[PDB]
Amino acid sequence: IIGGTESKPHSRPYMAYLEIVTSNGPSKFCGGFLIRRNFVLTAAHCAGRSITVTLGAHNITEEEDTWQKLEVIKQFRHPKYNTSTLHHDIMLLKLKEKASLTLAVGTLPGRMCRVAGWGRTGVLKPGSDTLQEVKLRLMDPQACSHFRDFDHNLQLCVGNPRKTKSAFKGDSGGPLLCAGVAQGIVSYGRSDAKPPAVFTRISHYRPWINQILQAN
């Protein structure tokens, strides 16, 4: 998160910190959010060989009783996910067991929405130890035209280009909440962090989400 504030600790109890393993490189990291006690929603580009989910975190470097480290038993990447266009950048993670409900852990184009994450706080900066959040402007789709594979039906265009405020690397998979309702998932943007960024429009995938949740 660039240009944001430190979240009040545990004020977003649905937030998930994802550590993603691949065979041929070190761990990568993403955000996500708990939508059922045993399901986390995130971005498809956060898929890997295996994933660990930490719920209940604020400072991800300091173990505390709110933490629930949970095994993912299966990844459900959207079947039409495209690695070139990044269309359908959405994935459900089924947890081995249902998370415990605690205070710190529970389930979840001109308006202002909020996104949170542990991602980088600048181009040359590292992932944040603490959960950060930022208020961003929903933009008209023409603001994202320069993303040649942007699609207004599939995606949201998020972040006033006049501001430095943005989701960034490591925030992938985190929710965009507009008046308390999750409308988007951090997907991609520019390497140089110039907003706007592209978010998955969750509404488009409600049928698919429902099918996975009902059948698993």
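Start at 1 and count along the sequence shown; that's the residue number.
>> I want to verify a possible break: how many residues of the deposited sequence sit between residue 143 and residue 144 without any coordinates (none, 1 to 3, 4 to 9, 10 or more)?
In response: Per the record, no deposited residues are absent between residue 143 and residue 144.
> Would 181 to 189 or 30 to 38 have the larger average of its C-alpha temperature factors, as given in the entry?
Replying inline: Looking at the recorded C-alpha B-factors, 181 to 189 comes out higher on average.
> Quick one: higher average CA temperature factor, 150 to 158 or 40 to 48?
Replying inline: Stretch with the greater average CA B-factor: 150 to 158.
> According to the deposited entry, which of 198, 15, 18, 202 has the largest Cα B-factor?
Replying inline: 202 has the highest C-alpha B-factor of those listed.
>> Looking at 74, 120, 80, 98, which one carries the largest C-alpha B-factor according to the PDB entry?
In response: Of 74, 120, 80, 98, 80 has the highest C-alpha B-factor.
>> Lowest, middle or highest third: which one holds residue 113 when the chain's residues are ordered by CA B-factor from the entry?
In response: It belongs to the highest third of the chain when residues are ordered by C-alpha B-factor.
> Going by the entry, which third of its chain does the Cα temperature factor of residue 163 land in?
Replying inline: According to the entry, residue 163 has a C-alpha B-factor in the chain's highest third.
> Mind checking which third residue 91 falls in for C-alpha B-factor across the chain?
Replying inline: Answer is lowest: the recorded C-alpha B-factor places it there.
> Taking the entry's C-alpha B-factors for this chain, is residue 131 in the lowest, middle or highest third?
Replying inline: Lowest third - that is where residue 131 ends up once the chain's C-alpha B-factors are sorted.
> Once the chain's modelled residues are ordered by C-alpha B factor and cut into thirds, is residue 124 in the lowest, middle or highest one?
Replying inline: Top third by C-alpha B-factor.
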